[PDB]
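Structure below is target-v7.txt: compact mmCIF, C-alpha atoms and all ligand atoms.
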# COMPACT_ATOMS: atom_id res chain seq x y z
CA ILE P 1 0.00 0.00 0.00
CA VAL P 2 1.47 3.36 -1.07
CA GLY P 3 0.19 6.49 0.59
CA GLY P 4 -1.87 4.69 3.18
CA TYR P 5 -1.82 4.37 6.97
CA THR P 6 -1.05 1.74 9.58
CA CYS P 7 -4.41 0.01 10.15
CA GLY P 8 -3.80 -0.96 13.75
CA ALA P 9 -3.68 -4.52 15.02
CA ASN P 10 -6.67 -6.65 14.07
CA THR P 11 -8.70 -3.75 12.70
CA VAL P 12 -9.17 -5.64 9.42
CA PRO P 13 -10.04 -9.04 10.87
CA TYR P 14 -10.93 -10.66 7.51
CA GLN P 15 -7.48 -9.85 6.08
CA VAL P 16 -5.33 -12.94 5.58
CA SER P 17 -1.70 -13.37 4.60
CA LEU P 18 -0.88 -16.25 2.23
CA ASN P 19 2.47 -17.75 3.24
CA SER P 20 4.74 -20.18 1.40
CA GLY P 21 7.73 -19.67 3.72
CA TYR P 22 7.15 -15.90 3.41
CA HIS P 23 4.19 -13.58 2.82
CA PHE P 24 3.39 -13.55 -0.91
CA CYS P 25 -0.24 -12.40 -1.28
CA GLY P 26 -3.26 -11.26 0.65
CA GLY P 27 -6.68 -12.79 0.79
CA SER P 28 -10.06 -12.40 2.52
CA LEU P 29 -11.78 -14.80 4.92
CA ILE P 30 -15.34 -15.31 3.70
CA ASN P 31 -16.37 -18.03 6.27
CA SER P 32 -14.48 -20.31 8.66
CA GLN P 33 -12.95 -22.65 6.05
CA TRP P 34 -12.80 -20.49 2.91
CA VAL P 35 -10.59 -17.66 1.67
CA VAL P 36 -10.97 -15.54 -1.48
CA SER P 37 -7.79 -14.35 -3.26
CA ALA P 38 -6.50 -13.63 -6.76
CA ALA P 39 -5.93 -16.46 -9.25
CA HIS P 40 -2.50 -14.91 -10.02
CA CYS P 41 -1.62 -15.79 -6.39
CA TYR P 42 -2.03 -19.52 -7.14
CA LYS P 43 0.69 -21.80 -5.87
CA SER P 44 1.16 -25.16 -4.16
CA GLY P 45 2.01 -25.28 -0.48
CA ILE P 46 -0.03 -22.35 0.86
CA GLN P 47 -0.42 -21.73 4.56
CA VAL P 48 -3.18 -19.24 5.41
CA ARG P 49 -2.26 -16.89 8.25
CA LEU P 50 -5.25 -15.34 10.01
CA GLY P 51 -5.21 -12.80 12.89
CA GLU P 52 -1.97 -11.15 11.66
CA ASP P 53 -0.72 -7.65 12.24
CA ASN P 54 3.09 -7.84 12.22
CA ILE P 55 3.81 -10.77 9.85
CA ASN P 56 7.34 -11.14 11.24
CA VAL P 57 6.40 -11.33 14.96
CA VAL P 58 4.10 -13.73 16.80
CA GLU P 59 1.83 -11.33 18.69
CA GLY P 60 -0.80 -13.65 20.08
CA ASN P 61 -3.88 -13.65 17.82
CA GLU P 62 -2.58 -15.71 14.87
CA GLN P 63 -4.04 -18.82 13.38
CA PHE P 64 -1.89 -20.70 10.85
CA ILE P 65 -3.83 -23.26 8.78
CA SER P 66 -2.71 -25.09 5.65
CA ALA P 67 -4.82 -24.94 2.53
CA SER P 68 -6.42 -28.25 1.59
CA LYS P 69 -7.70 -27.25 -1.85
CA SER P 70 -7.29 -24.31 -4.19
CA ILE P 71 -9.82 -23.55 -6.96
CA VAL P 72 -8.75 -21.09 -9.63
CA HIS P 73 -11.73 -19.63 -11.55
CA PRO P 74 -12.66 -21.86 -14.48
CA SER P 75 -12.15 -18.95 -16.89
CA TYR P 76 -9.03 -17.37 -15.42
CA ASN P 77 -6.76 -16.03 -18.15
CA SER P 78 -3.22 -15.41 -16.89
CA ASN P 79 -2.31 -13.34 -19.98
CA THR P 80 -5.01 -10.72 -19.44
CA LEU P 81 -5.90 -11.41 -15.77
CA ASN P 82 -9.56 -11.70 -16.73
CA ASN P 83 -11.39 -13.62 -13.99
CA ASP P 84 -8.56 -13.09 -11.49
CA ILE P 85 -10.16 -14.93 -8.55
CA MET P 86 -9.37 -18.07 -6.61
CA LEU P 87 -10.96 -19.89 -3.67
CA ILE P 88 -8.83 -21.59 -0.98
CA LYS P 89 -10.31 -24.12 1.43
CA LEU P 90 -8.70 -24.46 4.86
CA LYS P 91 -7.69 -27.93 6.14
CA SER P 92 -9.48 -27.10 9.37
CA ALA P 93 -11.98 -24.44 10.28
CA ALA P 94 -10.65 -21.20 11.63
CA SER P 95 -11.75 -20.34 15.15
CA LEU P 96 -13.85 -17.20 14.60
CA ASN P 97 -13.45 -14.33 17.06
CA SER P 98 -12.95 -10.55 17.23
CA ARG P 99 -9.47 -10.72 15.65
CA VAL P 100 -10.47 -13.31 13.08
CA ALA P 101 -13.72 -12.75 11.24
CA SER P 102 -15.29 -13.24 7.83
CA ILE P 103 -16.32 -10.51 5.41
CA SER P 104 -19.67 -10.56 3.62
CA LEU P 105 -19.99 -11.11 -0.11
CA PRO P 106 -21.82 -8.49 -2.17
CA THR P 107 -25.49 -8.64 -2.84
CA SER P 108 -25.10 -6.30 -5.81
CA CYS P 109 -22.24 -4.39 -7.45
CA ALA P 110 -20.83 -1.11 -6.15
CA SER P 111 -21.00 2.21 -7.88
CA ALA P 112 -18.41 4.64 -9.12
CA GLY P 113 -17.61 7.08 -6.30
CA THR P 114 -18.19 4.60 -3.50
CA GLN P 115 -15.40 4.69 -0.91
CA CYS P 116 -13.65 1.45 -0.08
CA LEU P 117 -10.95 0.14 2.24
CA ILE P 118 -7.96 -1.58 0.60
CA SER P 119 -5.36 -3.32 2.83
CA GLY P 120 -2.16 -5.35 2.67
CA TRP P 121 1.47 -5.91 3.40
CA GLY P 122 2.69 -4.83 -0.04
CA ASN P 123 5.37 -2.31 -0.95
CA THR P 124 4.82 1.20 0.41
CA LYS P 125 7.04 3.00 -2.09
CA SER P 126 6.53 4.08 -5.64
CA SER P 127 10.03 5.52 -5.25
CA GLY P 128 11.80 2.16 -4.80
CA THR P 129 11.06 -0.69 -2.36
CA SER P 130 10.05 -0.94 1.33
CA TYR P 131 7.91 -3.72 2.74
CA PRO P 132 6.07 -3.12 5.97
CA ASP P 133 5.74 -5.62 8.71
CA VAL P 134 2.42 -4.38 9.92
CA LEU P 135 -0.80 -4.12 7.94
CA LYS P 136 -1.38 -1.00 5.89
CA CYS P 137 -4.73 0.50 4.89
CA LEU P 138 -6.01 2.87 2.22
CA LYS P 139 -9.36 4.53 1.72
CA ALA P 140 -10.05 4.98 -2.01
CA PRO P 141 -13.02 5.53 -4.30
CA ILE P 142 -14.16 3.36 -7.15
CA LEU P 143 -13.43 5.14 -10.39
CA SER P 144 -15.76 5.44 -13.35
CA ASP P 145 -15.52 2.61 -15.88
CA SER P 146 -14.57 5.11 -18.60
CA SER P 147 -11.65 6.58 -16.67
CA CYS P 148 -10.48 3.03 -15.97
CA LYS P 149 -10.70 2.02 -19.62
CA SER P 150 -9.01 5.28 -20.68
CA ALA P 151 -6.18 4.57 -18.29
CA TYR P 152 -5.71 1.05 -19.64
CA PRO P 153 -6.89 0.92 -23.21
CA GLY P 154 -7.64 -2.55 -24.50
CA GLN P 155 -7.17 -4.19 -21.09
CA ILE P 156 -10.27 -3.66 -18.86
CA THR P 157 -13.01 -6.19 -18.96
CA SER P 158 -16.43 -6.27 -17.30
CA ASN P 159 -14.83 -8.32 -14.53
CA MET P 160 -12.52 -5.48 -13.51
CA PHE P 161 -12.78 -2.05 -11.95
CA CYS P 162 -10.34 0.68 -11.10
CA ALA P 163 -10.09 2.38 -7.71
CA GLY P 164 -7.83 5.07 -6.35
CA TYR P 165 -6.60 8.46 -7.45
CA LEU P 166 -5.69 9.52 -10.99
CA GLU P 167 -3.34 12.09 -9.42
CA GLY P 168 -1.18 9.23 -8.15
CA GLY P 169 0.32 8.93 -4.66
CA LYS P 170 -2.15 6.42 -3.22
CA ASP P 171 -2.49 2.83 -4.49
CA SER P 172 -2.04 -0.87 -3.90
CA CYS P 173 1.32 -2.37 -4.84
CA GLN P 174 3.38 -5.54 -5.10
CA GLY P 175 2.57 -7.85 -2.21
CA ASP P 176 -1.02 -6.53 -1.80
CA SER P 177 -2.16 -8.88 -4.61
CA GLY P 178 -5.13 -11.02 -3.69
CA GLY P 179 -6.21 -8.85 -0.80
CA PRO P 180 -9.48 -7.10 -0.10
CA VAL P 181 -11.33 -4.07 -1.34
CA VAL P 182 -14.24 -3.62 1.06
CA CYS P 183 -16.98 -1.10 0.39
CA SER P 184 -20.03 -0.64 2.62
CA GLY P 185 -19.19 -3.82 4.53
CA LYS P 186 -18.95 -6.06 1.42
CA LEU P 187 -15.99 -7.59 -0.42
CA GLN P 188 -16.32 -5.83 -3.75
CA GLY P 189 -12.78 -6.21 -5.08
CA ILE P 190 -9.59 -8.20 -5.04
CA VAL P 191 -6.21 -6.56 -5.60
CA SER P 192 -5.38 -7.69 -9.16
CA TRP P 193 -2.98 -5.57 -11.27
CA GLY P 194 -1.84 -2.14 -12.40
CA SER P 195 1.00 -0.30 -14.11
CA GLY P 196 3.54 0.32 -11.34
CA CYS P 197 2.12 1.78 -8.16
CA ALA P 198 0.70 5.18 -7.31
CA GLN P 199 1.62 6.69 -10.64
CA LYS P 200 -0.34 9.41 -12.32
CA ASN P 201 -3.14 8.16 -14.55
CA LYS P 202 -2.42 4.54 -13.63
CA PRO P 203 -4.85 3.50 -10.87
CA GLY P 204 -5.06 0.02 -9.44
CA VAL P 205 -7.22 -2.59 -11.15
CA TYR P 206 -9.35 -4.90 -9.04
CA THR P 207 -11.33 -8.07 -9.70
CA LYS P 208 -15.04 -7.23 -9.64
CA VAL P 209 -16.23 -9.71 -7.00
CA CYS P 210 -19.97 -9.03 -7.45
CA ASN P 211 -19.80 -10.88 -10.79
CA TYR P 212 -18.52 -14.01 -9.02
CA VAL P 213 -20.90 -14.33 -6.04
CA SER P 214 -22.95 -17.17 -7.55
CA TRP P 215 -19.80 -19.06 -8.52
CA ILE P 216 -18.36 -18.55 -5.04
CA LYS P 217 -21.52 -19.67 -3.26
CA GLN P 218 -22.03 -22.72 -5.51
CA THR P 219 -18.40 -23.74 -5.31
CA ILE P 220 -18.30 -23.55 -1.52
CA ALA P 221 -21.55 -25.44 -1.21
CA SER P 222 -20.19 -28.27 -3.42
CA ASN P 223 -16.74 -28.47 -1.77
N1 LIG F 1 -1.88 -1.39 -8.00
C1 LIG F 1 -1.84 -2.79 -8.55
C2 LIG F 1 -1.47 -3.82 -7.52
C3 LIG F 1 -0.07 -4.39 -7.70
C4 LIG F 1 -0.19 -5.88 -7.99
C5 LIG F 1 0.94 -6.56 -8.42
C6 LIG F 1 0.96 -7.94 -8.55
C7 LIG F 1 2.11 -8.57 -8.98
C8 LIG F 1 3.25 -7.87 -9.29
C9 LIG F 1 3.26 -6.49 -9.16
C10 LIG F 1 2.11 -5.87 -8.74
CA CA F 2 2.24 -11.97 13.61
Once more with this new file: its structure as structure tokens, please.
Amino acid sequence: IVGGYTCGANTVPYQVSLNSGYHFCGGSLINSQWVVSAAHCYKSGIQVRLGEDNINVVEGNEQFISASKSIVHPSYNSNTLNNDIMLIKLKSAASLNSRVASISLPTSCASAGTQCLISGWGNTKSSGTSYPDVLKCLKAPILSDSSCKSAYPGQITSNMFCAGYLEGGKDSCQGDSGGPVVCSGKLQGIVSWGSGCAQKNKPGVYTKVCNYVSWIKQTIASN
């Protein structure tokens, strides 16, 4: 997260860190045994880390649980990142509490101008590299579909939206991938891609979760 703030411990209780010996992507807890992330975060050997603030220190509210199954979206295209969504089932159910809680799926899509909360442990610089240990947060509005498509000609599909600031300075970045965009209490986006971070006229692109709710609900119910 570039241009954001320190969230504070456990203030984003649905935020997960995906770990394969190191943090590599975020995700969102959507019930006790299922996490939503980006398909581009797919890998073997994932441990889901719940209840994290500092990812390099054991602070007392963590739950570490191996993934038992990953399900990349049937139509994920790694070339274009269309359908950049993946479900991860936990080997055992998380113990739900204050510090570890699920986030609701959308009932309908969000509108341009709606403010959302984006969070992660990604790079905090556009001027180089610096990875935080504690969770970072950013409030940002959903941008109009036309400003998104103007920013990224030929590359935005109906399964994507842009959020942030065309002026630059405030964005998601490397390491935030797969994490949440929460608007009005619902998971409306997943950190998906962009051109650099926090650059002028290049806002972040996010998977549009409202298009996937029926797939998520059917998949969970069958698995
Ligand atoms: N604002 C876009 C978010 C950055 C996502 C990302 C994923 C993988 C490699 C670099 C960046
Ligand atoms: Ca920790």
Set up a box along x, y and z of the file covering all listed atoms of ligand LIG 1 (chain F), add 4 Å on every one of the six sides, and write the centre and edge lengths in Å to one decimal, as JSON.
{"center_x": 0.7, "center_y": -5.0, "center_z": -8.4, "size_x": 13.1, "size_y": 15.2, "size_z": 9.8}
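Proximity to ligand CA 2 (chain F) was assessed for P:194, P:13, P:51, P:168 counting all atoms listed in the file; the smallest distance is recorded for P:51.
The interatomic distance for the pair CA of residue 103 (chain P) and CA of residue 178 (chain P) works out to 14.4 Å.
Taking CA of residue 134 (chain P) as the reference point, CA of residue 57 (chain P) is found at 9.5 Å.
The gap separating CA of residue 46 (chain P) from CA of residue 105 (chain P) is 22.9 Å, in Å to one decimal.
Between ligand LIG 1 (chain F) and the candidates P:177, P:219, P:159, P:199, the tightest atom-to-atom separation, counting all atoms listed in the file, involves P:177.
For the set P:182, P:173, P:210, P:190, the residue with the smallest atom-to-atom gap to residue 2 (chain P) is P:173, counting all atoms listed in the file.
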Of P:10, P:28, P:33, P:172, the one sitting nearest residue 196 (chain P) when using all atoms listed in the file is P:172
Chain P near ligand CA 2 (chain F) within 8 Å: what's each residue's closest atom pair and its distance in Å to one decimal, counting all atoms listed in the file, ordered by chain then ascending residue number, as a tab-separated table?
residue	atom	partner	partner_atom	distance
P:51	CA	F:CA2	CA	7.5
P:52	CA	F:CA2	CA	4.7
P:53	CA	F:CA2	CA	5.4
P:54	CA	F:CA2	CA	4.4
P:55	CA	F:CA2	CA	4.2
P:56	CA	F:CA2	CA	5.7
P:57	CA	F:CA2	CA	4.4
P:58	CA	F:CA2	CA	4.1
P:59	CA	F:CA2	CA	5.1
P:60	CA	F:CA2	CA	7.3
P:61	CA	F:CA2	CA	7.6
P:62	CA	F:CA2	CA	6.2
Have a look at P:73, P:40, P:91, P:136 and name the one nearest to ligand LIG 1 (chain F); count all atoms listed in the file.
-> P:40
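Between ligand LIG 1 (chain F) and the residues P:16, P:181, P:90, P:198, the shortest atom-to-atom distance, using all atoms listed in the file, involves P:198.
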Environment of ligand LIG 1 (chain F) within 9 Å, counting only C-alpha atoms and all ligand atoms, reported as a PyMOL selection string = chain P and resi 1+25+40-41+122-123+164+171-178+191-198+202-206
Neighbours of residue 47 (chain P) within 7 Å (all atoms listed in the file; same-chain residues fewer than 4 positions away dropped), as JSON, numbers by chain?
-> {"P": [18, 19, 20, 64, 65, 66, 67]}
Excluding same-chain residues fewer than 3 positions from residue 29 (chain P), what lies within 9 Å of it counting all atoms listed in the file, as a PyMOL selection string?
-> chain P and resi 13-16+32-36+50+100-103
